[PDB]
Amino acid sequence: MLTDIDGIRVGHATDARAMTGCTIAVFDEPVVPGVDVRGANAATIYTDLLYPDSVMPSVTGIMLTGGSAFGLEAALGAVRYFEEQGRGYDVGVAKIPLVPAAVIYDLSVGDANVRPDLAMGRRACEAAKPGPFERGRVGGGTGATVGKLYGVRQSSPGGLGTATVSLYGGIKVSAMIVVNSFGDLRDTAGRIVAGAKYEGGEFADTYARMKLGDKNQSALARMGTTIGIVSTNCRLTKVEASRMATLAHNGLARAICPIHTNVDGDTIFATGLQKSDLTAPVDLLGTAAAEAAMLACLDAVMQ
């Protein structure tokens, strides 16, 4: 539950008919951001300010949205909304909010002509609230699918998941993940819980089929995705935030196979608190972020 971290509110905007939507995490307390874009087919916005060699931005919120490249328009809708509310970096003649975002491809399910736009991004902001939020095929995970080796027709449903890992001294590391992965989802044992299926419904084991010569038949296979946020209540520097985001990808490799493929835009945002008394080594937080991300992946398909 990402809202376990102080100052975080989560809001969904869902279109059940078109099978698309977006999800925003709003930070009522200033955060220290980081990012790691590992997929070879990612579409993001505002990520340059999330790197250690960039200045400290004023991140108002982070959004996970559907609609492929078109869906980033919902991020601008969040920016417009937050400026109206008086949030963002005070430049004197205006306030400049910042809403980094990453997308998943969900156009092959439902209505391909409906994507999150300025209005839908605003609706998610209006709905952002503390406490527990809904999981599953909601918000950014509404049109998510898992295991597309044989196309979306033989895939399993994806979704949005979340999980919290507790450490000592009140330290917490939480994750919220939208699973739209090309590969299969496995548990800690190794059994397939979601992925590419044969015509009758049995799981085909994507990786085993590719080793035998089965070719990628997904919509984006001609040119040559799992996105999420990991948050902790510890104080972090910019380097530590980006290192946390990098180590969190190890959790995706735990549950998803194959991962980081040429059709995946896998991206992990990471946040710490600017003002906080809790501190911990970055390798423990990064390992805890990997577990939280792995647990949130399974939560996305069991909810």
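Sequential numbering from 1, following the sequence displayed.
The modelled chain breaks after residue 224 and resumes at residue 225, leaving 1 to 3 residues of the deposited sequence without coordinates. Here the stretch with the larger average CA B-factor, out of 63-71 and 28-36, is 28-36. Looking at mean Cα B-factors across 212-220 and 97-105, the upper value is held by 212-220.
Of the candidates 129, 87, 135, 115, the one whose C-alpha carries the top B factor in the deposited record is 87. In this structure the maximum Cα B-factor among 147, 92, 121, 140 is found at 92. Among the modelled residues of the chain, residue 174 sits in the lowest third by CA temperature factor in this PDB entry.
When the CA B factors of the chain's modelled residues are split into thirds, the value for residue 199 lands in the highest one. In the PDB entry, a CA B factor belonging to the middle third of its chain's modelled residues is recorded for residue 19. Annotation for residue 205: C-alpha temperature factor in the middle third relative to the rest of the modelled chain, per the entry. Among the modelled residues of its chain, residue 79 has a C-alpha B-factor that falls in the highest third, as given in the PDB entry.
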